[PDB]
Amino acid sequence: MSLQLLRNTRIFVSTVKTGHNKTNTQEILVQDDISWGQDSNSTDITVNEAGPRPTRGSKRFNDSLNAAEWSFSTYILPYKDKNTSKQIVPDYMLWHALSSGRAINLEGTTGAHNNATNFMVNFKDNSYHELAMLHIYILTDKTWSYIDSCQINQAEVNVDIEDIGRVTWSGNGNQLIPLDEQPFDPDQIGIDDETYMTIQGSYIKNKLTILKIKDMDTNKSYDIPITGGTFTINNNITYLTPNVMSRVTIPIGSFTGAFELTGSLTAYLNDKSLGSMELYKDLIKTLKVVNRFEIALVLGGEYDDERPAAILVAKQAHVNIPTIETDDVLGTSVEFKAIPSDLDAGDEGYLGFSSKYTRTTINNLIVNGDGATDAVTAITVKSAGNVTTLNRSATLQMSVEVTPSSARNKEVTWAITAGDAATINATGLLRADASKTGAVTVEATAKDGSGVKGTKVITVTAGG
Amino acid sequence: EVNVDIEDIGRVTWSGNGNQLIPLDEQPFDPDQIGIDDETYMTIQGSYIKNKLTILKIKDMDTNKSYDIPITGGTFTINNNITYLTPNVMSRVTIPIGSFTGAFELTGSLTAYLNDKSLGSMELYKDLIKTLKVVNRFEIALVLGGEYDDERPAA
Amino acid sequence: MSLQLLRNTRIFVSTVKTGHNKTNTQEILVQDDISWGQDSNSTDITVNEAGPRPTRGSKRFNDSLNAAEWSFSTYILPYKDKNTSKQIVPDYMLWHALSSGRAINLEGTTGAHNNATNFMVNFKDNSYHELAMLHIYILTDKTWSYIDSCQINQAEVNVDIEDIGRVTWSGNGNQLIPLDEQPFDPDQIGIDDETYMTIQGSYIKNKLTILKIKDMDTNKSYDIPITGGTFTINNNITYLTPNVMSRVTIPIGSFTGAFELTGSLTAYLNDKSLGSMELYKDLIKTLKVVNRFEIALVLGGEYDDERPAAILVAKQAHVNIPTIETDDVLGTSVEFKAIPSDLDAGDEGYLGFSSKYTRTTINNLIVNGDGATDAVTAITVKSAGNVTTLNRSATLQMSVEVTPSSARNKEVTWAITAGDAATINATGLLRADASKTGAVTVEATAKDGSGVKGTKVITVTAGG
């Protein structure tokens with residue numbers, strides 16, 4: 001009688017089947033592109049004979065149930081909750097399931113976990129045969145229905161100008177189940193209007209898209225205006241089902257396959273220095289089997305005032321040779337896929353979601369890994385007593401200052417590049433001797449990899 | 001190909017194969033007297049079948065739970081799986097020679113809206129997804145054109 | 001300056017190397033799988049020393065040539081020719097050289113001989129060390145060649161349903177000889193369009209395949225719808241080549257081996273009466289060292305109206321113990337071999353080809369050996385003067401009426417089966433005596449092996 005409507009359907013994500021509370025269930029900001037359903041495998045039996053009386057017969061049997069299909073898209077709207085005062089995306093257990101299979105723990109360091117500054121999602125503890133287990137609850141009008149033991153297969157992140165920032169989720173469940181009784185009241189679990197105002201206070205617009213590309217073999221950072229992009233995280237999950245003739249069967253667990261983090265970035269060719277054309281010609285010139293690039297795509301842009309933004313940080317990526325795409329105005333496409341340091345070392349990449357980004361915050365998130373931990377920005381090597389020169393056979397212990405003063409890693413290395421008339425140790429004691437009449441330089445770079453440069457030309461003379 | 005869809009008038013689509021298409025110069029027979037006259041055309045057009053009035057009779061033979069399902073649109077076809085056999089001669093071309101009907105298939109797809117009412121679409125769906133059985137035995141009686149006390153055209 | 005394609009090959013079968021006419025050579029319609037050639041043997045003489053600085057050198061000698069191999073596939077295409085008005089298959093000399101070692105005589109009664117009703121092949125005259133000798137002529141595009149003194153080694157017939165009736169020929173020849181000049185005009189000898197139309201009017205489809213199997217030890221006919229099968233006519237011909245060390249040698253003569261007529265028949269298991277299951281259970285329950293089965297494989301089906309057909313008849317066959325072939329639908333395999341009554345008797349089996357087989361024609365082919373010779377179908381025995389009973393010490397010379405009225409064998413035998421109150425002679429003069437108060441029977445059967453029954457229950461009493 002009463003017809004169920006699509007627009008009135010609300011989704012609930014849970015980690016447990018009983019005792020649903022605010023810490024285990026949430027209302028998901030799903031769009032109007034929802035779709036789900038479970039199909040089955042069937043077998044037909046035909047008979048082929050040669051007698052005078054052919055047997056035109058066909059007998060059908062049900063054999064098994066395929067995986068339950070579910071897919072929906074949500075808005076990327078990071079925010080801070082009033083309870084914890086820490087930036088968390090509304091759909092945080094989805095990112096936890098995509099990241100690692102451990103118990104949900106925002107106070108840890110692996111998987112989806114927040115902080116006072118930003119919400120960061122790493123895949124360092126992803127090396128599992130089975131990720132975190134969810135339960136997609138589908139409340140269409142009044143009738144209940146949920147999908148048993150869902151697991152996130154992939155997360156489709158679309159980054160295109162003229163398009164608002166969104167993410168599309170698609171996964172599979174063991175068995176979709178319809179329910180008659182309410183598992184839990186949706187009103188108090190569902191987000192109230194105040195946190196809806198708090199969430200809508202932060203929107204991410206993909207029109208402001210700035211890319212950080214830097215090769216680790218040459219450190220040639222480029223300036224590329226983005227036309228449109230897309231990067232997805234794939235788990236390659238396959239459900240395993242038994243094969244029994246007598247009765248039908250349902251899937252039993254799964255084994256996550258190979259982790260894939262691929263992305264496609266479209267951008268216009270530029271003749272300007274460090275532009276798209278220079279990147280393309282450098283890549284098509286140095287044809288190398290292996291690539292090692294710093295790619296840091298920043299959705300929503302960067303600003304001095306706190307602004308909502310989404311960040312991808314791929315430390316050691318693999319850039320496929322670009323193919324310049326012909327159109328009205330030449331716009332090329334670059335394909336990348338983040339490879340790890342070691343196949344089982346994790347650290348494929350990590351993401352940043354928060355409404356409160358300053359350029360320094362995103363910078364230290366990119367270089368150090370967290371939006372809260374500070375990193376060095378500039379370095380000037382300091383002589384032991386404002387000294388400008390050195391004579392032959394004289395010791396000089398180099399000192400150094402770093403900025404900001406709140407940097408977590410402040411120690412720097414000591415090296416000599418230009419000139420051969422002195423030496424430096426781990427502590428910085430520069431030493432000279434006889435037959436040292438030439439000008440020499442001294443270098444200093446911190447171990448956090450900010451790209452900081454500490455330089456000073458000391459005029460080492462022959463002495464008195 | 002029988003198509004049963006609302007907003008669509010009842011029609012059937014035929015598709016088959018012949019040994020060899022042949023063009024003819026002489027009239028095999030006069031079309032006028034063989035062709036239907038206007039009176040039987042009036043008699044035929046006196047009866048139309050409209051698929052908008054589609055009522056389904058579904059009943060399982062293991063439980064006898066007849067359902068009440070309003071149809072959104074359907075399609076059922078009868079297939080013979082006919083393949084023509086032709087010889088393979090290198091010197092000259094060849095034409096098909098007879099055929100052997102394969103396996104008889106009578107399949108159909110019925111689209112209908114989910115209903116919370118008793119003996120509705122949702123009850124049928126949940127019963128089927130509850131009693132997962134390899135073999136099914138159902139009374140399906142699709143009635144194109146509807147049913148009425150007065151004489152009405154129906155399929 | 002030209003390349004030769006396999007599609008332009010034309011094959012002619014001849015019994016003479018000169019004076020080629022339409023009665024000695026005809027074209028054989030071959031298919032893609034045609035193949036022919038001749039291989040050569042060699043030898044390497046290598047020195048095998050053991051010391052340092054050994055000799056490492058070889059040497060090759062051509063020593064012999066192998067027998068030429070040829071094979072091709074043809075369609076079973078019975079038809080009637082306008083010249084003689086007798087049913088004949090286009091590759092009839094192939095059948096003759098397979099069947100007998102005498103000169104071809106279609107008017108005779110052994111080997112390949114035709115009739116106004118059907119074309120027949122029997123192996124009653126194959127006791128020869130060198131069967132009828134052919135010469136395969138090959139015409140590829142423009143160049144000519146032929147194989148000298150061929151012999152039909154075997155003829156494979158595959159009952160592959162949903163396919164056309166086809167036979168595959170194989171054999172050996174003394175030597176393959178390339179001919180530079182045209183032996184005969186292929187335009188005249190090759191089949192013309194009229195006979196091509198007549199042939200294509202008649203095709204044998206393997207789908208319409210009925211099989212007639214009967215246990216001669218129990219008189220039990222089975223209804224087995226076939227799934228797929230094959231039967232072979234094999235001669236096991238081996239070609240002898242002389243060994244000469246100084247010069248290469250080609251085969252000089254041959255010798256036929258053991259004539260084998262085997263088969264293999266696959267079918268599904270049927271629970272119906274006299275089905276496949278009953279045959280399998282009877283065969284595995286008897287467990288007999290020897291079996292006497294009558295097998296009549298009828299390609300093309302049996303019908304009241306005229307239809308083309310190819311029939312293999314095994315009068316006294318030997319059936320192996322069947323096995324169950326576990327597939328999606330359970331089945332079995334009936335592997336048989338046609339054995340003769342006596343080793344030097346021939347008559348292992350025969351074949352009948354025609355484009356006009358009414359059911360009666362194939363029936364009398366099976367039971368009489370020829371499609372033209374009619375065979376008795378039913379019998380009702382008649383007394384002397386329409387008498388219904390008999391009294392003690394009274395004669396009853398019974399007669400017989402048979403159908404059809406044109407059966408070649410109109411005679412019957414006489415026997416008493418049920419009761420002991422009378423005795424019958426060869427002519428049929430039944431005789432009784434006193435003290436005969438029981439009901440006795442009389443039976444008659446034809447001498448052509450049709451399987452016709454003549455029965456009557458005479459109510460002999462003690463008299464008035």
# chains A, B, ... in the order shown; residues from 1 in each chain; ligands from 1
$ select_by_dssp --residues "region 11-125 of chain B" --states "strand (DSSP E)" --output "count of residues only"
31
$ residues_around --residues "residue 366 (chain A)" --least-positions-apart "5" --cutoff "12 Å" --atoms "only C-alpha atoms" --output "number ranges by chain"
A: 120, 211-213, 294-298, 310-315, 349-352, 359-361, 371-375, 448-450
$ write_last_selection --atoms "N, CA and C atoms" --output "PDB file, in the first residue's frame"
ATOM      1  N   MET A 120      43.677  13.277   9.999  1.00  0.00           N
ATOM      2  CA  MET A 120      44.633  12.662   9.092  1.00  0.00           C
ATOM      3  C   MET A 120      44.393  11.161   9.021  1.00  0.00           C
ATOM      4  N   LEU A 211      48.304  22.225  -7.007  1.00  0.00           N
ATOM      5  CA  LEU A 211      49.053  20.977  -6.967  1.00  0.00           C
ATOM      6  C   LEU A 211      50.490  21.233  -6.534  1.00  0.00           C
ATOM      7  N   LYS A 212      51.026  20.329  -5.715  1.00  0.00           N
ATOM      8  CA  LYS A 212      52.431  20.337  -5.320  1.00  0.00           C
ATOM      9  C   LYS A 212      53.094  19.113  -5.950  1.00  0.00           C
ATOM     10  N   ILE A 213      53.876  19.331  -7.000  1.00  0.00           N
ATOM     11  CA  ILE A 213      54.608  18.269  -7.682  1.00  0.00           C
ATOM     12  C   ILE A 213      56.099  18.552  -7.564  1.00  0.00           C
ATOM     13  N   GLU A 294      57.187  13.705  -5.298  1.00  0.00           N
ATOM     14  CA  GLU A 294      56.336  14.272  -4.261  1.00  0.00           C
ATOM     15  C   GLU A 294      55.113  14.897  -4.912  1.00  0.00           C
ATOM     16  N   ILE A 295      53.973  14.225  -4.801  1.00  0.00           N
ATOM     17  CA  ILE A 295      52.697  14.757  -5.261  1.00  0.00           C
ATOM     18  C   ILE A 295      51.854  15.079  -4.038  1.00  0.00           C
ATOM     19  N   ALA A 296      51.414  16.331  -3.936  1.00  0.00           N
ATOM     20  CA  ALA A 296      50.575  16.786  -2.832  1.00  0.00           C
ATOM     21  C   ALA A 296      49.440  17.626  -3.411  1.00  0.00           C
ATOM     22  N   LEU A 297      48.344  16.961  -3.772  1.00  0.00           N
ATOM     23  CA  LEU A 297      47.172  17.646  -4.301  1.00  0.00           C
ATOM     24  C   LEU A 297      46.414  18.283  -3.144  1.00  0.00           C
ATOM     25  N   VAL A 298      46.055  19.556  -3.293  1.00  0.00           N
ATOM     26  CA  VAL A 298      45.368  20.283  -2.230  1.00  0.00           C
ATOM     27  C   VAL A 298      44.016  20.778  -2.722  1.00  0.00           C
ATOM     28  N   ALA A 310      41.035  19.922   1.438  1.00  0.00           N
ATOM     29  CA  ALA A 310      41.302  18.490   1.454  1.00  0.00           C
ATOM     30  C   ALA A 310      42.656  18.245   0.811  1.00  0.00           C
ATOM     31  N   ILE A 311      43.447  17.357   1.406  1.00  0.00           N
ATOM     32  CA  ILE A 311      44.844  17.168   1.032  1.00  0.00           C
ATOM     33  C   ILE A 311      45.102  15.691   0.774  1.00  0.00           C
ATOM     34  N   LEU A 312      45.846  15.406  -0.292  1.00  0.00           N
ATOM     35  CA  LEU A 312      46.441  14.097  -0.531  1.00  0.00           C
ATOM     36  C   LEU A 312      47.955  14.249  -0.533  1.00  0.00           C
ATOM     37  N   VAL A 313      48.643  13.376   0.199  1.00  0.00           N
ATOM     38  CA  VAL A 313      50.098  13.401   0.287  1.00  0.00           C
ATOM     39  C   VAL A 313      50.621  12.032  -0.123  1.00  0.00           C
ATOM     40  N   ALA A 314      51.168  11.948  -1.333  1.00  0.00           N
ATOM     41  CA  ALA A 314      51.829  10.743  -1.825  1.00  0.00           C
ATOM     42  C   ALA A 314      53.331  11.003  -1.794  1.00  0.00           C
ATOM     43  N   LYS A 315      54.034  10.316  -0.894  1.00  0.00           N
ATOM     44  CA  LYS A 315      55.445  10.621  -0.671  1.00  0.00           C
ATOM     45  C   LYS A 315      56.304  10.183  -1.853  1.00  0.00           C
ATOM     46  N   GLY A 349      50.348   6.645   1.524  1.00  0.00           N
ATOM     47  CA  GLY A 349      49.965   8.040   1.528  1.00  0.00           C
ATOM     48  C   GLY A 349      49.097   8.321   2.735  1.00  0.00           C
ATOM     49  N   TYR A 350      48.805   9.602   2.923  1.00  0.00           N
ATOM     50  CA  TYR A 350      47.911  10.021   3.990  1.00  0.00           C
ATOM     51  C   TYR A 350      47.215  11.302   3.559  1.00  0.00           C
ATOM     52  N   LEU A 351      46.061  11.555   4.167  1.00  0.00           N
ATOM     53  CA  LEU A 351      45.161  12.604   3.726  1.00  0.00           C
ATOM     54  C   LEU A 351      44.901  13.579   4.865  1.00  0.00           C
ATOM     55  N   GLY A 352      44.509  14.796   4.504  1.00  0.00           N
ATOM     56  CA  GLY A 352      44.187  15.803   5.493  1.00  0.00           C
ATOM     57  C   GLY A 352      42.841  16.456   5.252  1.00  0.00           C
ATOM     58  N   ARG A 359      48.588  28.158   5.462  1.00  0.00           N
ATOM     59  CA  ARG A 359      49.627  27.625   4.583  1.00  0.00           C
ATOM     60  C   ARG A 359      50.715  26.909   5.374  1.00  0.00           C
ATOM     61  N   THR A 360      51.058  27.429   6.556  1.00  0.00           N
ATOM     62  CA  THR A 360      52.034  26.750   7.403  1.00  0.00           C
ATOM     63  C   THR A 360      51.513  25.395   7.864  1.00  0.00           C
ATOM     64  N   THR A 361      50.219  25.317   8.189  1.00  0.00           N
ATOM     65  CA  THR A 361      49.640  24.054   8.638  1.00  0.00           C
ATOM     66  C   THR A 361      49.722  22.992   7.550  1.00  0.00           C
ATOM     67  N   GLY A 371      49.405  18.044  10.808  1.00  0.00           N
ATOM     68  CA  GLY A 371      49.134  19.470  10.776  1.00  0.00           C
ATOM     69  C   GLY A 371      49.456  20.187  12.067  1.00  0.00           C
ATOM     70  N   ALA A 372      49.697  19.443  13.148  1.00  0.00           N
ATOM     71  CA  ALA A 372      49.994  20.037  14.442  1.00  0.00           C
ATOM     72  C   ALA A 372      51.491  20.188  14.687  1.00  0.00           C
ATOM     73  N   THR A 373      52.293  19.227  14.232  1.00  0.00           N
ATOM     74  CA  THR A 373      53.735  19.272  14.451  1.00  0.00           C
ATOM     75  C   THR A 373      54.365  20.279  13.499  1.00  0.00           C
ATOM     76  N   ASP A 374      55.169  21.190  14.045  1.00  0.00           N
ATOM     77  CA  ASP A 374      55.810  22.214  13.231  1.00  0.00           C
ATOM     78  C   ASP A 374      57.096  21.687  12.611  1.00  0.00           C
ATOM     79  N   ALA A 375      57.486  22.304  11.497  1.00  0.00           N
ATOM     80  CA  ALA A 375      58.699  21.948  10.779  1.00  0.00           C
ATOM     81  C   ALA A 375      59.476  23.212  10.443  1.00  0.00           C
ATOM     82  N   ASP A 448      64.233  16.609   8.543  1.00  0.00           N
ATOM     83  CA  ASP A 448      62.802  16.529   8.273  1.00  0.00           C
ATOM     84  C   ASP A 448      62.462  16.734   6.801  1.00  0.00           C
ATOM     85  N   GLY A 449      63.418  17.176   5.985  1.00  0.00           N
ATOM     86  CA  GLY A 449      63.196  17.276   4.557  1.00  0.00           C
ATOM     87  C   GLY A 449      62.354  18.445   4.107  1.00  0.00           C
ATOM     88  N   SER A 450      62.400  19.570   4.822  1.00  0.00           N
ATOM     89  CA  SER A 450      61.613  20.729   4.417  1.00  0.00           C
ATOM     90  C   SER A 450      62.173  21.369   3.152  1.00  0.00           C
TER      91      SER A 450
END
$ closest_residue --among "A:221, A:241, A:55, A:455" --to "chain B" --atoms "only C-alpha atoms"
A:55
$ interface_residues --of "chain A" --to "chain B" --cutoff "10 Å" --atoms "only C-alpha atoms" --output "short mmCIF file (atom, residue, chain, number, x, y, z; two decimals) with N, CA, C and O atoms, in the first residue's frame"
data_model
loop_
_atom_site.label_atom_id
_atom_site.label_comp_id
_atom_site.auth_asym_id
_atom_site.auth_seq_id
_atom_site.Cartn_x
_atom_site.Cartn_y
_atom_site.Cartn_z
N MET A 1 0.86 -1.21 0.00
CA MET A 1 0.00 0.00 0.00
C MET A 1 0.89 1.25 0.00
O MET A 1 1.23 1.73 -1.10
N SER A 2 1.25 1.74 1.19
CA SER A 2 2.14 2.92 1.28
C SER A 2 3.38 2.66 0.42
O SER A 2 4.07 1.65 0.66
N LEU A 3 3.66 3.55 -0.54
CA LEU A 3 4.81 3.35 -1.46
C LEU A 3 6.07 3.95 -0.82
O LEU A 3 5.99 5.10 -0.34
N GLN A 4 7.17 3.20 -0.81
CA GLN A 4 8.42 3.70 -0.26
C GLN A 4 9.10 4.62 -1.28
O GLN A 4 9.14 4.30 -2.47
N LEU A 5 9.61 5.74 -0.80
CA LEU A 5 10.22 6.76 -1.65
C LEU A 5 11.73 6.81 -1.43
O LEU A 5 12.21 6.58 -0.32
N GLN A 38 21.02 -7.31 -4.03
CA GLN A 38 21.76 -8.57 -4.08
C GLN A 38 21.14 -9.47 -5.13
O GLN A 38 19.95 -9.76 -5.08
N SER A 42 22.39 -18.57 -11.26
CA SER A 42 21.45 -19.63 -11.63
C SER A 42 22.08 -20.47 -12.73
O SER A 42 22.98 -20.03 -13.44
N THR A 43 21.58 -21.70 -12.85
CA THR A 43 22.08 -22.65 -13.83
C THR A 43 20.91 -23.26 -14.59
O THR A 43 19.89 -23.60 -14.00
N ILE A 45 19.74 -26.29 -17.38
CA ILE A 45 20.11 -27.62 -17.85
C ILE A 45 19.30 -27.91 -19.10
O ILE A 45 18.07 -27.91 -19.07
N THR A 46 20.00 -28.17 -20.21
CA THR A 46 19.37 -28.51 -21.47
C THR A 46 19.79 -29.91 -21.89
O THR A 46 20.82 -30.43 -21.45
N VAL A 47 18.98 -30.53 -22.74
CA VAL A 47 19.19 -31.89 -23.20
C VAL A 47 19.24 -31.90 -24.72
O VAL A 47 18.33 -31.40 -25.38
N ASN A 48 20.31 -32.46 -25.27
CA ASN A 48 20.52 -32.54 -26.71
C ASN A 48 20.64 -34.00 -27.10
O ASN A 48 21.56 -34.70 -26.66
N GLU A 49 19.72 -34.47 -27.95
CA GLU A 49 19.66 -35.85 -28.38
C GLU A 49 19.56 -35.92 -29.89
O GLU A 49 19.46 -34.91 -30.58
N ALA A 50 19.57 -37.15 -30.41
CA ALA A 50 19.52 -37.39 -31.85
C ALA A 50 18.37 -38.30 -32.25
O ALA A 50 18.24 -38.63 -33.44
N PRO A 54 13.00 -35.54 -30.20
CA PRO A 54 13.93 -34.74 -29.41
C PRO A 54 13.30 -34.26 -28.11
O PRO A 54 12.10 -34.04 -28.02
N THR A 55 14.15 -34.10 -27.10
CA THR A 55 13.71 -33.62 -25.80
C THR A 55 14.02 -32.13 -25.69
O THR A 55 15.12 -31.75 -25.28
N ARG A 56 13.06 -31.29 -26.05
CA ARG A 56 13.19 -29.84 -25.94
C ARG A 56 12.84 -29.47 -24.50
O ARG A 56 11.74 -29.01 -24.21
N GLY A 57 13.80 -29.67 -23.60
CA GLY A 57 13.56 -29.43 -22.19
C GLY A 57 14.60 -28.51 -21.61
O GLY A 57 15.75 -28.48 -22.07
N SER A 58 14.20 -27.76 -20.59
CA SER A 58 15.08 -26.82 -19.92
C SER A 58 14.72 -26.76 -18.45
O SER A 58 13.60 -26.38 -18.10
N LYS A 59 15.67 -27.14 -17.60
CA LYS A 59 15.47 -27.18 -16.16
C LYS A 59 16.43 -26.21 -15.50
O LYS A 59 17.64 -26.26 -15.75
N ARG A 60 15.90 -25.32 -14.67
CA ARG A 60 16.69 -24.27 -14.04
C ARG A 60 16.87 -24.56 -12.55
O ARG A 60 16.01 -25.16 -11.92
N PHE A 61 18.01 -24.13 -12.01
CA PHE A 61 18.32 -24.28 -10.59
C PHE A 61 19.03 -23.03 -10.09
O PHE A 61 19.83 -22.43 -10.81
N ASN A 62 18.73 -22.65 -8.85
CA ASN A 62 19.51 -21.62 -8.17
C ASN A 62 20.76 -22.26 -7.59
O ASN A 62 20.70 -23.36 -7.03
N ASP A 63 21.90 -21.58 -7.73
CA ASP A 63 23.17 -22.14 -7.28
C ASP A 63 23.80 -21.39 -6.12
O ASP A 63 24.27 -22.04 -5.18
N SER A 64 23.82 -20.06 -6.14
CA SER A 64 24.48 -19.31 -5.09
C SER A 64 23.96 -17.88 -5.09
O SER A 64 23.17 -17.48 -5.95
N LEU A 65 24.42 -17.11 -4.11
CA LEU A 65 24.12 -15.69 -4.01
C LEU A 65 25.39 -14.89 -4.20
O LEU A 65 26.40 -15.12 -3.52
N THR A 143 10.31 1.04 6.94
CA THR A 143 10.84 -0.31 6.88
C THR A 143 12.36 -0.28 6.98
O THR A 143 13.04 0.52 6.33
N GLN A 175 25.34 -10.33 2.93
CA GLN A 175 23.94 -10.61 2.65
C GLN A 175 23.09 -9.42 3.09
O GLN A 175 23.12 -9.04 4.27
N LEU A 176 22.35 -8.84 2.15
CA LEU A 176 21.39 -7.80 2.47
C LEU A 176 20.21 -8.44 3.19
O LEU A 176 19.71 -9.48 2.76
N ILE A 177 19.78 -7.82 4.29
CA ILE A 177 18.74 -8.38 5.15
C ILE A 177 17.69 -7.30 5.40
O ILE A 177 18.03 -6.20 5.84
N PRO A 178 16.41 -7.58 5.16
CA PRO A 178 15.36 -6.61 5.52
C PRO A 178 14.88 -6.85 6.94
O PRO A 178 14.77 -8.00 7.39
N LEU A 179 14.59 -5.77 7.65
CA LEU A 179 14.21 -5.82 9.05
C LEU A 179 12.82 -5.22 9.26
O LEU A 179 12.45 -4.26 8.59
N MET A 245 26.21 -28.34 -4.25
CA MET A 245 25.17 -28.61 -5.23
C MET A 245 23.79 -28.66 -4.59
O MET A 245 22.82 -28.15 -5.16
N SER A 246 23.68 -29.28 -3.42
CA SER A 246 22.37 -29.57 -2.84
C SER A 246 21.63 -28.30 -2.47
O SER A 246 20.43 -28.16 -2.76
N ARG A 247 22.31 -27.35 -1.83
CA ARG A 247 21.68 -26.15 -1.33
C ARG A 247 22.41 -24.92 -1.85
O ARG A 247 23.55 -24.99 -2.30
N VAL A 248 21.72 -23.78 -1.78
CA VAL A 248 22.33 -22.50 -2.16
C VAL A 248 23.34 -22.11 -1.10
O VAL A 248 23.36 -22.69 -0.01
N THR A 249 24.20 -21.14 -1.41
CA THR A 249 25.26 -20.73 -0.51
C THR A 249 25.36 -19.22 -0.49
O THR A 249 24.90 -18.55 -1.42
#
$ interface_residues --of "chain C" --to "chain A" --cutoff "8 Å" --atoms "only C-alpha atoms" --output "number ranges by chain"
C: 161, 206-211, 224-228, 301, 328-329
$ residues_around --residues "region 18-25 of chain B" --least-positions-apart "4" --cutoff "10 Å" --atoms "only C-alpha atoms" --output "PDB file with N, CA and C atoms, in the first residue's frame"
ATOM      1  N   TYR B  84      20.561 -22.981 -38.183  1.00  0.00           N
ATOM      2  CA  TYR B  84      20.645 -23.557 -39.519  1.00  0.00           C
ATOM      3  C   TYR B  84      21.990 -24.233 -39.739  1.00  0.00           C
ATOM      4  N   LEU B  85      21.957 -25.361 -40.431  1.00  0.00           N
ATOM      5  CA  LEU B  85      23.130 -26.166 -40.722  1.00  0.00           C
ATOM      6  C   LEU B  85      23.504 -25.984 -42.188  1.00  0.00           C
ATOM      7  N   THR B  86      24.771 -25.658 -42.445  1.00  0.00           N
ATOM      8  CA  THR B  86      25.197 -25.447 -43.817  1.00  0.00           C
ATOM      9  C   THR B  86      26.434 -26.285 -44.121  1.00  0.00           C
ATOM     10  N   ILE B  95      24.494 -22.995 -49.400  1.00  0.00           N
ATOM     11  CA  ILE B  95      23.330 -22.379 -48.770  1.00  0.00           C
ATOM     12  C   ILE B  95      22.878 -23.272 -47.620  1.00  0.00           C
ATOM     13  N   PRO B  96      22.188 -22.735 -46.615  1.00  0.00           N
ATOM     14  CA  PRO B  96      21.769 -23.572 -45.482  1.00  0.00           C
ATOM     15  C   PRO B  96      20.800 -24.665 -45.910  1.00  0.00           C
ATOM     16  N   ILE B  97      20.832 -25.778 -45.180  1.00  0.00           N
ATOM     17  CA  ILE B  97      19.997 -26.945 -45.469  1.00  0.00           C
ATOM     18  C   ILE B  97      19.309 -27.357 -44.168  1.00  0.00           C
ATOM     19  N   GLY B  98      18.019 -27.028 -44.053  1.00  0.00           N
ATOM     20  CA  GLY B  98      17.244 -27.426 -42.861  1.00  0.00           C
ATOM     21  C   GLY B  98      17.797 -26.848 -41.569  1.00  0.00           C
ATOM     22  N   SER B  99      17.284 -27.313 -40.425  1.00  0.00           N
ATOM     23  CA  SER B  99      17.734 -26.808 -39.102  1.00  0.00           C
ATOM     24  C   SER B  99      17.331 -27.797 -38.007  1.00  0.00           C
TER      25      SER B  99
END
$ calpha_fit_rmsd --fixed "chain C" --moving "chain A"
0.5 Å
$ residues_around --residues "residue 97 (chain A)" --least-positions-apart "5" --cutoff "9 Å" --atoms "only C-alpha atoms" --output "VMD selection string"
chain A and resid 92 102 104 111 to 112 131 to 134 151 to 152
$ select_by_dssp --residues "region 62-119 of chain C" --states "alpha helix (DSSP H)" --output "PyMOL selection string"
chain C and resi 92-99
$ write_last_selection --atoms "N, CA, C and O atoms" --output "short mmCIF file (atom, residue, chain, number, x, y, z; two decimals), in the first residue's frame"
data_model
loop_
_atom_site.label_atom_id
_atom_site.label_comp_id
_atom_site.auth_asym_id
_atom_site.auth_seq_id
_atom_site.Cartn_x
_atom_site.Cartn_y
_atom_site.Cartn_z
N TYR C 92 32.30 -43.70 -54.96
CA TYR C 92 31.99 -45.12 -54.88
C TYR C 92 33.22 -46.00 -55.05
O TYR C 92 33.29 -47.07 -54.43
N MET C 93 34.19 -45.60 -55.86
CA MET C 93 35.38 -46.42 -56.00
C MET C 93 36.21 -46.43 -54.72
O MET C 93 36.91 -47.40 -54.44
N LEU C 94 36.13 -45.36 -53.92
CA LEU C 94 36.75 -45.38 -52.60
C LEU C 94 36.12 -46.46 -51.74
O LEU C 94 36.82 -47.24 -51.08
N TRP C 95 34.79 -46.55 -51.76
CA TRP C 95 34.10 -47.60 -51.01
C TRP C 95 34.48 -48.98 -51.52
O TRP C 95 34.64 -49.92 -50.74
N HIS C 96 34.64 -49.12 -52.84
CA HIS C 96 35.01 -50.42 -53.40
C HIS C 96 36.41 -50.83 -52.96
O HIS C 96 36.62 -51.95 -52.48
N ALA C 97 37.39 -49.93 -53.13
CA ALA C 97 38.75 -50.23 -52.70
C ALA C 97 38.84 -50.45 -51.20
O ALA C 97 39.75 -51.13 -50.74
N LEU C 98 37.91 -49.88 -50.43
CA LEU C 98 37.82 -50.21 -49.01
C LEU C 98 37.24 -51.60 -48.78
O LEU C 98 37.65 -52.29 -47.85
N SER C 99 36.29 -52.02 -49.61
CA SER C 99 35.47 -53.19 -49.32
C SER C 99 36.07 -54.49 -49.85
O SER C 99 36.07 -55.50 -49.14
#
